[PDB]
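Just one chain follows, in the form deposited in one PDB entry, and it is written as structure tokens.
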């Protein structure tokens, strides 16, 4: 099938571990610290991953950072969603950090994690493929609606290149459903909505000052 899709597949990062501190008592603070620390390390990996997207590295450093600052949480959430597809009512933040309803309640994340589980439910019903997941991650980055873009035409070209990849993949692999590409694009509003819910919640956590956060995570959060 489509070369861009194949390329994104081989550029897919290895999974990383959450490593919750086994000496620390379980608490909302522990859970939130673990998740923010995981997100910080995933962000480093995402920045490295983005250089493999055709045309992305040719953008100005400012536009690269604008896209990332707008899209980072959508990319993080798409990851948890994809890792969670073979599970039921649990979120696989990492192989060693799987959150069920009880844990979500303990962390103060019941509403957010239920929203993420709504995304999981929809992609389950659509039988989301890894090929589609990696392409949607790239599309979310290109389509992230930053207000600070310098070269708008180049960003549009990036959107178009990735959209074409999705269109082509679906036309070849899913002839039984001539509207599958569009159905995939129609999942992006819920991703955007859920990401905004997450950013707002963790921004509040940042303000309260009880959960330690690393530099990159804080930078993205404050952007």
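Numbering follows the first chain given and starts at 1.
Although it is not shown, the form deposited with a partner chain bound is what the next lines describe.
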- Message: Counting heavy atoms only and using a 4.5 Å cut-off, do 47, 65 and 216 all touch the partner chain in the deposited bound form?
- Response: yes
- Item | in the deposited bound form, residue 5 touching the partner chain (heavy atom, 4.5 Å) | no
- Message: Please tell me whether any heavy atom belonging to residue 69 falls inside 4.5 Å of a heavy atom of the partner chain, as the geometry stands in the deposited bound form.
- Response: yes
- Query: So in the deposited bound form, does any heavy atom of residue 56 sit within 4.5 Å of the partner chain?
  - Reply: yes
